[PDB]
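Cβ atoms come from the backbone with ideal geometry, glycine included; neighbour counts cover every protein chain shown. Each value in this text was obtained by applying a stated rule to the coordinates, not by laboratory testing.
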Amino acid sequence: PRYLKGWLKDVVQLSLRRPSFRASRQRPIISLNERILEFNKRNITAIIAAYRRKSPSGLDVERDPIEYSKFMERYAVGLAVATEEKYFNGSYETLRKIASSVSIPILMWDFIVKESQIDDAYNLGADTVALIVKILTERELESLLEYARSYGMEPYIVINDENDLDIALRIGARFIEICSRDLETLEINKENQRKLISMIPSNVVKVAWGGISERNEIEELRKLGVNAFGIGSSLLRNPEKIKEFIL
Ligand SMILES: O=[N+]([O-])c1ccc2[nH]nnc2c1
């Protein structure tokens, strides 16, 4: 990984030691980036809802993951499931159960630093996995991106600044999350997010993530070319708010 500090250094050491999941996949790969493009063609707002318990950017929320996921199946373009253990109180078992209960695309949100975590994502039923430029070298990114593609997944490349966007372009990312939240400091900068969005070619599927809370900001971002919108805490507090974000 990269040289890191603070909680990101801790979570990378944890991920390096995380045991593998050793069962077989029991569902097809359902492409999230293609379903986003289909929603775009249907002029349906494409919302990626997240399930987590703890978060460095929120108070804990304890709710039933299956009631939540089955509700979101009716409205969301896909579901992100936070599986990191210490800072998100996530679990592979939770991802496994959600993936078995719904038929929309599932993104595994974790801090992927070794190929076995991609094996894990595949075997658990996730359709794609996040790769975070801030924690990986260019060599590691390209290797993990190629490894995920060899399973038929199109990884979800997470960027937060200009250096990250440069690396995402270098490595041939086709599916990019422009995250407004710096993971080291937890600060949000939407001006920087919009600058990055303006520098991404049209053929890349773009997801805006980070402090999205209002229908009007979705519409503004869609006008700038963003294809889909990620929303965590707001929907974890009140799932039914997604109906307003779409309608
Ligand atoms: O909790 N999440 O599933 C989740 C998904 C994507 C994100 N991007 N930035 N933070 C994120 C959190």
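Worth a mention:
- Size estimate for segment 103-242 follows the Kirkwood approach: the inverse of mean 1/r over distinct Cα pairs works out to 15.5 Å.
- Across segment 1-105, C-alpha contacts under 8 Å between residues 6 or more apart give a mean separation that, scaled by the residue count, equals a relative contact order of 27 percent.
- Three principal axis extents describe the C-alpha atoms of segment 40-178; from largest down they are 40, 39, 29 Å.
- Normalised by the number of residues in the chain, the mean separation of alpha-carbon contacts (under 8 Å, six or more apart) gives a relative contact order of 22 percent.
- Rh by Kirkwood over Cα pairs, then Stokes-Einstein D for the chain at 0.692 mPa s and 37 °C, µm²/s: 184 µm²/s
- Inter-label distance, residue 219 to residue 187: 3.1 nm, where each label sits 7 Å from its Cα along the C-beta direction.
- Pairs beyond 25 Å (Cα-Cα), from 134/223; 5/54; 5/86; 195/243; 70/243: 134/223; 195/243
- Cβ-based net charge around residue 77, under 12 Å, with every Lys or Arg adding one and every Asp or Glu removing one: -1
- With neighbour counts taken as other beta-carbon atoms within 10 Å, the residues 24, 213, 116 rank, fewest first, as 24, 213, 116.
- Mean-position separation - Cα centroids, segment 49-80 and segment 122-186, in angstrom: 22 Å
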